[PDB]
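Structure at a glance
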Amino acid sequence: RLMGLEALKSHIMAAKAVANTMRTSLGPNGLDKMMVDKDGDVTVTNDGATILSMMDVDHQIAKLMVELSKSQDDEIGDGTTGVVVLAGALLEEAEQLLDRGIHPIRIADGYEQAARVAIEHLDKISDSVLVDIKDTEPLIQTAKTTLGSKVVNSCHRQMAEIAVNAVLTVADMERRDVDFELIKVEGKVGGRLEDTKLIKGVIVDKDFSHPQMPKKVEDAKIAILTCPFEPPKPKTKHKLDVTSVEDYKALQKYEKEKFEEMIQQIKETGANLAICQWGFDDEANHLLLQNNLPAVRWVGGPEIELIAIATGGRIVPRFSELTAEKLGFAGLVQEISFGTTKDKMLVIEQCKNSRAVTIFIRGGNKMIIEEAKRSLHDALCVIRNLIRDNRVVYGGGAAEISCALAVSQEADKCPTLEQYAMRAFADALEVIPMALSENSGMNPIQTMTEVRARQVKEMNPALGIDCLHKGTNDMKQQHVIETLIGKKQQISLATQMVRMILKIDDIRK
Amino acid sequence: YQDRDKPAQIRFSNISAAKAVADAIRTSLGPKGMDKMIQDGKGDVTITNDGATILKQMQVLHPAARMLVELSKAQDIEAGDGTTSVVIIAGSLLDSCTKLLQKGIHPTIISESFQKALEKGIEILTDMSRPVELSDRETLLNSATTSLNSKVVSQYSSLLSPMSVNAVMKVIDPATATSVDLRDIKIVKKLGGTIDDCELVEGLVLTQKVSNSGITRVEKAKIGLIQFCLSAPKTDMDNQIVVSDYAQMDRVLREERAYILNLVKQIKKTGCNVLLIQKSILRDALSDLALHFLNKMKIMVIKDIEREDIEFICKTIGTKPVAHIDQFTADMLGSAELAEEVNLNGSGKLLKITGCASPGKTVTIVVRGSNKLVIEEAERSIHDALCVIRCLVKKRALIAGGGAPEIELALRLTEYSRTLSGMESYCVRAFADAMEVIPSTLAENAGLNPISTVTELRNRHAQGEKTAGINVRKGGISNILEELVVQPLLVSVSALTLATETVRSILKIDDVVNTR
Amino acid sequence: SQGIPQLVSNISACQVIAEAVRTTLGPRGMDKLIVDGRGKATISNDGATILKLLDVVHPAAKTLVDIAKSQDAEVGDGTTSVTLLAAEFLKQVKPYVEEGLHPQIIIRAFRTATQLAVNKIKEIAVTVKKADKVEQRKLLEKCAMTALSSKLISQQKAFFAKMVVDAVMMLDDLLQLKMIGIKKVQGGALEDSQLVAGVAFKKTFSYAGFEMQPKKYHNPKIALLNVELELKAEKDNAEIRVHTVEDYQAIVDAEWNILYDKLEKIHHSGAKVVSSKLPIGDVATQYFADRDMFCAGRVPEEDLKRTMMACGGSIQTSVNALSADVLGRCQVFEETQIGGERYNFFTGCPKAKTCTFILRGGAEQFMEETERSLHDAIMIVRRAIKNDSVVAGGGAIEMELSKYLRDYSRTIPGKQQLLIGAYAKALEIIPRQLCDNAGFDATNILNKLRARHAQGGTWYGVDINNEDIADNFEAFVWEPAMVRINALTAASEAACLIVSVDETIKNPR
Ligand SMILES: Nc1ncnc2c1ncn2[C@@H]1O[C@H](COP(=O)(O)OP(=O)(O)OP(=O)(O)O)[C@@H](O)[C@H]1O
Ligand SMILES: Nc1ncnc2c1ncn2[C@@H]1O[C@H](COP(=O)(O)OP(=O)(O)OP(=O)(O)O)[C@@H](O)[C@H]1O
Ligand SMILES: Nc1ncnc2c1ncn2[C@@H]1O[C@H](COP(=O)(O)OP(=O)(O)OP(=O)(O)O)[C@@H](O)[C@H]1O
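Residues numbered from 1 in each chain as written, not as in the entry; some residues may be left out. Chains lettered and ligands numbered in written order. Part of a larger assembly, values for the part shown. Heavy atoms only, no water.

This entry lists cryo-EM as its structure determination method and reports a resolution of 4.2 Å.

Set out below in structure tokens:
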């Protein structure tokens with residue numbers, strides 16, 4: 001039962017506890033966080049969505065910041081760490097205006113009015129990339145710089161090439177409607193980082209029933225069944241229990257008569273590849289060797305249904321429903337062995353610009369694999385954004401300093417009470433490059449006040465902050481490029497979370 | 001960081017001790033501001049809203065908080081007005097460095113940046129001011145009634161205003177000289193009469209009496225000042241007066257006569273006709289026998305002179321004080337045409353001395369009045385009118401009032417912050433926000449909203465000029481130039497220079513130690 | 001405790017109920033966060049939502065809750081208007097209680113001043129039917145425009161004002177708020193908000209069944225089920241463990257005939273389309289594609305609840321009870337591609353009293369701010385066609401009643417003079433809290449509004465957009481006269497139940 005200004009200061013002090021914890025984790029030089037899991041595992045990461053998923057705060061203000069990051073992992077992807085820092089300094093600057101006696105509705109509407117000036121300033125200083133032609137060589141170099149922050153910096157060029165082709169497959173460039181849902185990620189322990197492959201289809205980690213099978217399938221004939229071409233075994237467990245010698249010897253009679261009839265069923269139907277849930281017998285794979293019939297063994301439960309959607313076939317539960325209509329289509333079915341490691345994956349490629357890609361990431365350590373899955377999904381939204389909008393903005397804090405100059409200049413043209421909200425929006429927008437200077441091991445104010453002087457005095461285009469300790473400023477030459485939609489929603493969702501907090505003035509439990 | 005040693009906590013102790021001085025005096029700003037009540041140790045309660053009295057009655061003991069006390073004392077001698085407004089400027093300045101010191105900025109970088117804001121802040125107040133002339137008598141007359149109308153005495157603001165302008169024109173040559181001394185304009189007040197019965201004496205007027213010298217009128221007066229006590233022979237050491245008979249008792253009375261007459265005969269050789277004796281309490285400055293020896297030589301008797309009155313005499317007639325009778329020369333004498341005692345019905349028994357004819361220009365303003373409360377506020381209205389003329393001589397410029405240069409200073413320094421580099425960009429940003437307290441105080445003291453008034457006034461200054469401000473008479477934002485509220489430039493331009501050197505001195509203080 | 005101090009203990013429990021809904025007055029009011037025992041957060045600005053979730057334990061505070069419980073069932077909202085008015089009646093008579101005035105004299109003047117409030121409103125209420133020769137369609141487009149003013153859709157407010165007046169026209173004379181649905185989907189521009197005449201859902205059914213299922217139907221039999229037709233379903237399965245190998249063929253066939261006989265009862269009923277909350281597998285969409293039947297599963301139950309009321313059917317869980325008694329009927333059945341997703345909807349029902357309004361936008365805060373203003377704009381245009389005799393809102397009728405009850409107080413001698421004169425100042429809580437919740441200056445507005453009412457202003461009120469005063473009768477901000485009468489009589493009756501109580505009896509239990 002808290003009301004008044006003492007309840008409002010309880011919300012800002014609770015929200016700044018989330019912001020100041022993640023203020024040090026901004027940028028590539030950000031301090032990583034240790035997380036103690038519930039089962040006793042200890043991992044370390046610098047990803048911003050991973051910190052808020054493990055931060056279990058019982059305060060209701062901190063749970064709204066957790067609710068904020070439920071949607072920005074899919075929308076912007078890159079600005080997860082900075083949006084919490086931008087929302088915290090906005091309430092910190094609102095705390096300065098709270099002692100003056102200002103109602104939060106004028107601040108929430110004043111932050112909304114100042115946000116539209118920063119949105120109007122973002123597209124004016126933007127730059128176009130992909131006009132009038134399609135290309136893949138400059139699109140690689142933009143994704144090659146962003147993925148250098150994690151521990152896959154030694155193999156950051158290989159992930160930049162495959163992520164460009166993966167986004168361009170499931171979507172058309174002229175349609176500018178890209179779906180990230182059709183691109184799935186996977187991984188397993190073992191191998192190296194250079195063995196990450198890209199398939200124009202869906203790849204299953206399942207091997208053949210016989211190593212003497214042919215390594216390529218040129219026919220578009222795939223049979224998807226539940227029981228294998230043998231005496232049929234159930235889907236859960238066999239649990240065999242013989243009765244006597246007459247039961248076991250009659251089983252030998254039943255084994256041989258189905259070894260010739262079930263393989264006869266695949267020829268009158270017209271299929272070539274036999275994908276089934278359970279494996280095949282040791283005597284059954286001899287007849288498949290003569291008549292050129294491949295087969296895949298020991299496929300799991302949900303691994304069957306993901307094959308039939310990409311191949312366009314249907315599930316055949318019994319042998320009586322086997323027809324030519326229930327077959328899937330494919331371009332070339334092969335198997336890839338990753339060097340000396342006997343992996344033998346089921347590689348189902350359509351040999352056409354199709355609507356299904358799955359990138360299979362490898363690695364010699366398990367800590368690198370889950371950190372590369374989020375880094376590839378971070379790179380998935382980046383190339384998705386360039387097709388929908390080729391307009392980009394200069395990153396490295398150059399967009400936030402240039403937007404803060406137009407907001408403070410347009411604050412003098414407002415003869416209302418909301419001018420103090422616009423001037424506080426100018427200093428709060430610059431906290432994202434200011435935390436870039438403190439995390440880089442320099443002075444946070446001396447680096448900030450010299451770049452804003454550089455953007456006014458000698459040159460009108462914006463300059464960035466050399467957080468990687470490079471030669472000088474102007475990160476356009478350093479190839480630090482962020483998207484426009486990732487920046488226009490960075491200042492939007494940070495402002496809208498302040499309006500949801502400033503409208504809350506009472507928590508009752 | 002570890003931060004084991006803490007020298008910045010004494011800086012935060014120096015800031016918060018000086019912040020309580022300005023915050024307690026903040027609501028007393030403006031004509032419609034709230035008054036302050038004080039209680040003395042004996043139980044006296046005196047209601048007074050003047051800022052120079054409350055800082056004298058606060059009696060602070062902290063060394064950092066004492067720096068705002070002599071800051072108000074230096075404003076009364078340099079400008080003579082603008083007193084509390086320097087403290088609220090210096091108090092809001094140390095509030096702005098509280099946000100700067102938490103950021104990790106060293107105070108010596110703020111000291112060189114606040115001087116750069118002071119050098120730029122003077123340049124904004126120069127071109128926005130209105131230049132006027134000192135030889136024009138209409139400008140000095142009209143601008144003095146407008147400042148005296150907001151004071152306590154406003155019904156006599158049309159009478160004391162031409163008396164203050166005509167006093168400085170006999171002393172200062174208009175539009176040629178720059179130095180103006182207010183000590184050469186003595187204000188003599190006595191009981192009886194009204195304020196309309198006033199006289200501008202070009203010489204000097206004393207409040208004492210020539211008793212018991214029966215001359216009371218001398219021509220060709222050579223005025224001389226003697227600090228030695230012309231009295232009986234007195235020895236501070238052990239002495240004895242031997243007695244022998246009754247004729248010996250008349251001899252020591254003749255010895256007291258002959259010793260004083262030997263000193264009187266030394267005065268007559270140099271041609272001195274008027275003797276001035278300093279006020280002395282520890283011993284008799286003048287005996288009964290020395291009063292009669294100057295009556296025979298037709299020498300006027302003048303005693304009971306304050307030390308401040310001696311300064312008014314030497315700049316008037318050119319008389320130098322002597323310490324003893326053996327150092328009495330003819331070069332230390334003044335010049336006077338006539339000295340007499342004029343006892344009017346309301347002016348009282350005063351010594352009117354005319355005809356100076358000496359290098360030096362002093363004037364005297366004799367103000368009459370019935371009650372004691374009449375003449376004291378008449379002198380405070382004169383000293384408030386004497387300061388606005390002294391402020392116009394050193395700076396031949398005028399500006400609007402009601403905090404209107406303070407809003408223009410907050411807007412031009414914000415535009416100056418976008419063109420600077422380094423640490424100096426944020427210090428002039430905090431210098432601009434610290435100047436907005438003075439219109440926010442005048443917005444709160446006039447009954448308006450403190451935030452909605454200064455925000456509308458900033459947009460009026462971006463499109464217009466310094467004419468927009470706070471009018472306390474009508475209670476709202478209006479044209480200060482059309483409201484005829486005009487203040488001199490030296491009130492504000494010295495309020496910035498004196499407050500900046502105090503903030504630079506306070507931030508440069510690191511540790512406080514006690515010696516013995 | 002009997003007498004004076006028992007009334008003071010009841011007058012302080014009245015403040016804690018009014019303070020819970022004091023800031024929620026107006027469309028731009030502040031939100032409240034109420035957290036239950038389970039840990040769920042509820043953010044709402046509605047006063048009836050807060051009072052249902054408080055559950056106060058004080059006996060004198062339970063009276064003001066049950067008055068608001070009767071208000072939402074009959075009128076529909078305005079629970080904060082009857083709470084602040086009943087509270088301010090007590091705070092003005094509170095210094096008169098300690099003077100020695102009897103609480104029955106508070107009752108005898110509350111019955112007099114309420115009857116003067118009814119006679120003044122009915123003499124001042126103006127019937128607006130065809131004023132100045134305007135169309136009735138243009139009148140609801142102007143009154144719903146002020147409900148959407150100062151919002152995030154002010155750029156296209158003329159388009160959204162035409163959407164509310166079209167939705168109220170499609171219903172019958174029985175108008176209600178719960179019959180209209182509002183959907184929130186992400187993507188698209190702000191001006192792409194279309195309208196559906198009937199019930200539509202998001203249609204997340206992404207199973208098989210393409211190149212079939214014709215989307216056009218003239219008079220289909222709408223089937224409403226809650227059955228699962230999946231192959232790996234949790235209710236349709238068979239697990240028989242034996243050693244017999246020809247029985248192994250039987251357990252896979254009989255598991256298929258379990259789903260086949262349940263699908264055969266669907267086609268035997270003659271249902272053209274089937275709807276189900278539980279998902280439908282690929283082998284059931286394959287069976288309906290062979291017999292030319294439409295199918296669409298994975299629909300929400302709340303979307304089915306608006307569907308059974310319009311189509312005239314009912315929900316049946318089992319498939320045995322599917323007959324013509326529960327099958328719904330419609331006339332237009334089409335399929336759109338709004339926002340890239342599939343959308344199934346019915347139009348032309350025999351009981352077509354429900355609709356759905358789909359929202360589009362690039363941010364979720366741009367949608368939730370509109371649906372708070374859309375439900376208010378629906379009840380404004382609902383009250384306009386219902387009650388023609390309306391008065392100006394925004395505290396215009398409260399400042400006029402404060403003028404009429406002041407000069408009439410000076411004409412009545414006795415104890416009713418200082419009480420009804422305090423009753424006029426007690427009605428000032430409606431224009432005063434409109435200024436503080438909007439962040440304006442309550443001093444300068446109310447002093448200008450009361451000075452305008454003495455000169456002849458009878459329709460001037462508090463503007464929530466600007467910090468000005470304006471004629472709300474000419475600005476098309478209206479409220480019905482009968483709701484203002486019912487809010488005034490309920491406020492004086494609730495203030496009577498706190499004053500007339502003199503002692504509290506607690507049974508020892
Ligand atoms: N190589 C670089 N040079 C300069 N600035 C960079 C560089 N890489 C990233 N940045 C800046 O850092 C910001 C992103 O901060 P940060 O790296 O802390 O978040 P993130 O870890 O990418 O987010 P997530 O946790 O979702 O991956 C961007 O706004 C960008 O301007
Ligand atoms: N006639 C007037 N109309 C409007 N504002 C005025 C007027 N006279 C003074 N002010 C404002 O009031 C402030 C001074 O208020 P106050 O009378 O308390 O102090 P002061 O003794 O006159 O000056 P200081 O504080 O410098 O010693 C100044 O900043 C000035 O802007
Ligand atoms: N556009 C507006 N401008 C000014 N005041 C408004 C406006 N809209 C609503 N109000 C104020 O809000 C009050 C109504 O509050 P609220 O919207 O919670 O109840 P309601 O929805 O109107 O009532 P009901 O439950 O009967 O529909 C009115 O007294 C009115 O003065």
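Following the structure, the description resumes.
Considering the sheet that holds strand β15 (residues 478-480) of chain C
Residue and element names in this part refer to chain C. To be explicit about the condition: Note: two strands are recorded as paired if DSSP finds a minimum of 2 bridges between them. Secondary structure elements are taken from DSSP: a helix is a run of H or I of four residues or more, a strand is a run of E of two residues or more, and numbering for both begins at the N terminus.
Taken together, the three strands give an open sheet; going across it, the order is β3-β12-β15, and neighbouring strands pair in antiparallel fashion. Two strands in the sheet have a free side with no partner beyond their single neighbour: β3 (126-127) and β15. Two strands pair when backbone bridges link them, and strand β12 (residues 389-392) and β15 are joined in this way by three bridges, in the antiparallel orientation. Within the sheet, the bridge partner assigned to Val390 lies in β15 and is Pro480.

Some remarks on the site of ligand 1
All names here are of chain A. This is how the line gets drawn: Being near a molecule or strand, for a residue, means having at least one of its heavy atoms within 4 Å of it. Polar contact criterion, stated in full: a pair of N or O atoms within 3.5 Å, where within protein one must be able to donate a hydrogen and the other to accept it, and residues adjacent in sequence count only if both atoms are side-chain atoms. Residue exposure ignores everything except the shown protein chains as possible cover, and the areas themselves are Shrake-Rupley values with a 1.4 Å probe.
The immediate surroundings of ligand 1 are formed by 14 residues, with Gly27, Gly48, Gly77, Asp78 and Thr81 found nearest. Here an oxygen atom of ligand 1 and a backbone polar atom of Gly77 are 2.9 Å apart. About the coverage of ligand 1: the protein hides 85% of its 640 Å² of free accessible area.

Points about the site of ligand 2
Residue and element names in this part refer to chain B. What counts here: For this classification, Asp, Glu, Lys and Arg are treated as charged, while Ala, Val, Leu, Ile, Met, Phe, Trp, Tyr, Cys and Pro are nonpolar and the rest, including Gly, are polar.
Around ligand 2, a shell composed of 16 residues is seen, among which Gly30, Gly82, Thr83, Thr84 and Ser85 lie nearest. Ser28 is positioned with one of its backbone polar atoms (N or O) 3.1 Å from an oxygen atom of ligand 2. Take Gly402: an N or O atom from its main chain is 3.3 Å from an oxygen atom of ligand 2. Broken down by class, the residue content of the shell around ligand 2 amounts to five nonpolar, nine polar and two charged.

Things to note about the packing of helix α8 (residues 246-269) of chain B against helix α9 (residues 288-296) of chain B
All names here are of chain B. Just so we agree on the cut-off: Geometry is summarised by axes, namely lines fitted to C-alpha atoms with helices restricted to the contacting stretch, and by angles between N-to-C directions that run from 0 to 180 degrees. An angle below 35 degrees is read as roughly parallel, one above 145 as roughly antiparallel, one from 65 to 115 as roughly perpendicular, and any other as oblique. By the definition used in this description, the sense in which the near helix is turned from the far one sets the handedness, with an anticlockwise turn below a right angle giving left-handed and a clockwise turn giving right-handed. Between two residues, a contact is recorded if the distance between any of their heavy atoms is within 4.5 Å.
Packing of α8 against α9 brings their axes to within 10 Å, and their N-to-C directions diverge by 45 degrees. Classified by the interaxial angle, the pair formed by α8 and α9 is oblique. For the pair α8 and α9, the crossing hand works out as right-handed. Residues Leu253, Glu256, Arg257, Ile260, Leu261 and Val264 of α8 lie in contact with α9, whose contacting residues are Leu289, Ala290, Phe293 and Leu294. Residues that form the contact of α8 with α9 fall into these classes: eight nonpolar, no polar and two charged.

A few points about the UniProt feature "binding site: ADP" in chain B
Residues and elements named next belong to chain B. Test applied: UniProt positions are given in the numbering used here, feature names are shortened, and annotations may be inferred rather than shown by experiment. Partly exposed residues are those whose accessible area sits between 20% and 50% of the maximum for their type, while under 20% is buried and over 50% is exposed, using a 1.4 Å probe and protein chains only.
UniProt's feature table lists "binding site: ADP" at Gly30, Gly82, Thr83, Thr84, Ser85, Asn149, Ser150, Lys151, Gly402 and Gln487, given in the numbering used throughout. The residue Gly82 is located in the loop between α3 (69-78) and α4 (83-102) in this model. Given a relative accessible area of 10%, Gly82 falls into the buried group. When neighbours within four sequence positions are excluded, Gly82 is seen to be in contact with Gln75 and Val491. Among the structural elements, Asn149 can be located in the loop between α6 (137-148) and α7 (160-171).

Section: helix α1 (residues 4-12) of chain C
All names here are of chain C. To keep things clear, this is the line we draw: It is the directions from the helix axis to the C-beta atoms whose arc is reported.
Three or more residues of α1 are buried, namely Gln6, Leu7, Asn10 and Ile11. Considered in projection along α1, the buried side chains sweep an arc of 140 degrees and stay on one side of the axis. Those residues of α1 that are buried are in contact with α2 (15-18), α5 (81-97), α6 (103-124) and α17 (481-499).

Thoughts on the UniProt feature "binding site: ATP" in chain B
Residue and element names in this part refer to chain B. On the UniProt side, "binding site: ATP" is annotated at positions that read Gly30, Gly82, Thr83 and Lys151 here. With the annotated positions falling across 122 residues, the maximum pairwise C-alpha distance of 14.3 Å places them together in a single cluster. Note that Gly30 resides in the loop between α1 (8-24) and β1 (37-39).

Here's the deal with the domain arrangement of chain B
What counts, and what does not: Where each domain starts and ends comes from a domain assignment, either automatic or drawn from a database.
In terms of domain boundaries, chain B breaks down into domain 1 (7-132 + 397-516), domain 2 (133-199 + 362-396) and domain 3 (200-361). A separation of 51 Å is found between the C-alpha centroids of domain 1 of chain B and domain 3 of chain B.

Regarding the interface of chain C and chain A
This is how the line gets drawn: Accessible area that two parts lose when put together, with a 1.4 Å probe and added across both, is what the buried area reports.
Taken residue by residue, the interface counts 49 residues in chain C and 45 residues in chain A. For the chain C and chain A pair, buried surface summed over both sides reaches about 4,200 Å², with 53% attributable to carbon and sulfur atoms. The largest per-residue losses of area from chain C upon contact with chain A belong to C:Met30, C:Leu33 and C:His243, which jointly make up 16% of the total buried on that side. Here chain C and chain A share twelve residue pairs in polar contact between them.

Considerations on the interface of chain B and chain A
Filter applied, for reference: Salt bridge, as used here, is a side-chain nitrogen of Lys or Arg placed within 4 Å of a carboxyl oxygen of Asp or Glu.
Tallying the contact residues gives 21 residues for chain B and 26 residues for chain A. Interface area, chain B with chain A, both sides summed: about 2,100 Å², of which 48% is carbon and sulfur. Sorting the residues of chain B by area buried against chain A places B:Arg418, B:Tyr426 and B:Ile451 first, and these three jointly supply 29% of that buried surface. For the pair chain B and chain A, the interface holds four salt bridges. Where B:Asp433 meets A:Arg423, a salt bridge forms, and the shortest distance between an N and an O atom there is 2.8 Å. Counting every contact that joins chain B to chain A gives twelve residue pairs in polar contact. Secondary structure elements with two or more residues in the side of chain B that touches chain A: α13 (424-433) and α15 (450-463) of chain B. At six residues, the largest contribution of residues to the side of chain B that touches chain A is made by α15(B).

Remarks on unusual backbone geometry
Residue B:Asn212 is reached from B:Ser211 by a cis peptide bond, and omega for that bond is 5 degrees. Mapped onto the elements of the fold, B:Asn212 is located in the loop between β5 (204-206) and β6 (217-221). Even without being a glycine, A:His469 presents a positive backbone phi close to 55 degrees. Its place among the elements puts A:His469 in the loop between α17 (446-454) and β14 (481-483).

With respect to the domain arrangement of chain C
Residues and elements named next belong to chain C. What the domain assignment reports for chain C is domain 1 (131-197 + 384-390) and domain 2 (200-383). The distance between the C-alpha centroids of domain 1 and domain 2 comes to 30 Å. Residue-level contacts link 42 residues of domain 1 with 36 residues of domain 2. Surface buried jointly by domain 1 and domain 2 totals about 4,100 Å² across both partners, of which 63% is contributed by carbon and sulfur atoms. Counting every contact that joins domain 1 to domain 2 gives four salt bridges. Note that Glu364 and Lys184 form a salt bridge whose closest N and O atoms lie 3.2 Å from each other. Inspection of the region where domain 1 meets domain 2 yields 18 residue pairs in polar contact. Broken down by secondary-structure element, the contributors of at least two residues to the side of domain 1 that touches domain 2 are α7 (136-147), α8 (157-169), β4 (180-184), β5 (195-196) and α12 (365-386).

With respect to the UniProt feature "binding site: ATP" in chain C
Residue and element names in this part refer to chain C. The sites that carry the UniProt feature "binding site: ATP" are, in the present numbering, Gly26, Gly78, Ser81, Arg383, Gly394 and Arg484. Within the element layout of this structure, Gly26 appears in the loop between α2 and β1 (31-35). Note on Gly26: relative accessible area 29%, which makes it partly exposed. Examined against the element boundaries, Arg484 turns out to sit in helix α17. The exposure class of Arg484 is buried, given its relative accessible area of 10%. Every residue in contact with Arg484, bar those within four places of it in the chain, is listed here: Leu85, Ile121, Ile397, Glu398 and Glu479. A polar side-chain atom of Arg484 sits 2.5 Å from a polar atom in the side chain of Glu398.

Side note on the UniProt feature "binding site: ADP" in chain C
Residues and elements named next belong to chain C. The UniProt record marks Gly26, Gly78, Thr79, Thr80, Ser81, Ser149, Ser150, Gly394, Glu479 and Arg484 with the feature "binding site: ADP", using the residue numbering of this structure. These annotated residues cover 459 residues of sequence, and their C-alpha atoms reach 25.2 Å apart at the extremes, leaving them scattered rather than at a single site. Within the secondary structure layout, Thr80 lies in the loop between α4 (62-74) and α5. The contact partners of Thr80, leaving out residues within four places of it in the chain, are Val21, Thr24 and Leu25. For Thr80, the side chain forms a polar contact with the main-chain oxygen of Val21, separated by 2.8 Å. Topologically, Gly394 is positioned in the loop between β12 and α13 (396-407). Apart from residues no more than four positions distant in its own chain, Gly394 is found in contact with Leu434, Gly461, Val462 and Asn472.

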